[PDB]
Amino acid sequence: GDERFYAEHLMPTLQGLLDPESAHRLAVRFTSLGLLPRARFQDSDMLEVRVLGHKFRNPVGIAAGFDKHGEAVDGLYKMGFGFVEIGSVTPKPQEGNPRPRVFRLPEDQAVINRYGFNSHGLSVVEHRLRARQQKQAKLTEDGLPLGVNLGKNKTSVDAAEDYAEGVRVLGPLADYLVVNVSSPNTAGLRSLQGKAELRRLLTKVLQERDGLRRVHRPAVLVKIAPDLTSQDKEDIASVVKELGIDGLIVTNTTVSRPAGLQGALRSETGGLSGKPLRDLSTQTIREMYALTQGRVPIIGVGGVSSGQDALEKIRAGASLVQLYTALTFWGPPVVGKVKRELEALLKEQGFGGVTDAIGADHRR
């Protein structure tokens, strides 16, 4: 599994033969079948992180959206990810938007997607996870946690109830749950990021979570957008502190279109991911870390494709990071690359380990 071979030949050829969504479906199939290049990199103690009531062998996870229905969890761990997050999952099954709904921006090392929460639904995912529940229990104990990202149905009349249902159904199977109120492709979803609605929504979510039996009680995190106003961020930080939310995932895709995008499909509707989002995400992490006084665990996501990208987010305040778009361009080998580069940079910058670097920029 040569990083250069996948980056220079395999992936480019694959993308030249298959459209984005087809490539993705194949990716999921191959991953679930274990058809992956050998993960040479061996995790060192330096990369181990303890947060959210769990141990993570390494801080690099697969972001939500790649394995929406929980079909390739084990294959993703085999890829080298320190933790896996599936979803978003909606209460009832739904098809999402018509195709095409995902677009590549090669010149920008970016992607634009408007899937619209295509989901097999809670019931299907529930049984799929139950079939490997004990196997996961051992993985988690082994330092390989599982996260479940919750969404809401398009025609739902009670947003809060949709999330409450997800907590009750998939909460017992997850190490952590994500209340995703930052999808740019669901009408009025990001509005749930407002203070009044957010507090009511999260109060209900936490009540349902607290009602679960001890060993089946997951940490609850909120995934936010990179397009929030300063006021929005202040409010989120306030509610997080008020309710005791366990953590934040920063960030989801952006509806902004940074000047400089070259892709012919730059004006397609949807959320932009990849390099163009990287620093916007890092800065959002930096601000949320400060607003929460570094007391709230943050999973950094957005444009991570190298060890430097990962370390910048960690130094900005992230305890863990995730990636997705980088995988679509460079393939499976990118996971080992990021981990190897991160370890080298940590040493090079005098950090005994990842934990020591969390929020380092704020202390200089």
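Rigid core here is just the name for the largest C-alpha set that superposes within 1.5 Å across the two forms. One-based numbering along the sequence shown.
With every structure aligned by its rigid core, 32 to 40 is the stretch of 32 to 40 and 308 to 316 whose CA positions lie farther away in 9 other deposited structures of this protein. Taking 194 to 202 and 236 to 244 in turn, the stretch whose Cα atoms are more displaced from the shown form in 9 other deposited structures of this protein following rigid core superposition is 194 to 202. Higher average CA B factor: 157 to 165, of the stretches 103 to 111 and 157 to 165.
In this entry, 142 to 150 shows the higher mean Cα temperature factor of the pair 142 to 150 and 279 to 287.
Comparing the listed residues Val49, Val335, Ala316, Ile62, the entry records the largest Cα B-factor for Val49. When the C-alpha B factors of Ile299, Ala310, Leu36, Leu327 are read from the deposited coordinates, the top value falls at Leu36. Ranked against the other modelled residues of its chain, the C-alpha B-factor of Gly53 as given in the entry falls in the highest third. Per-chain ranking of the deposited C-alpha B factor places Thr203 in the middle third. The entry lists a Cα temperature factor for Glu85 that places it in the lowest third of the chain's modelled residues. Among the modelled residues of its chain, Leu189 has a C-alpha B-factor that falls in the highest third, as given in the PDB entry.
For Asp74, the recorded CA temperature factor ranks within the middle third of the chain's modelled residues.
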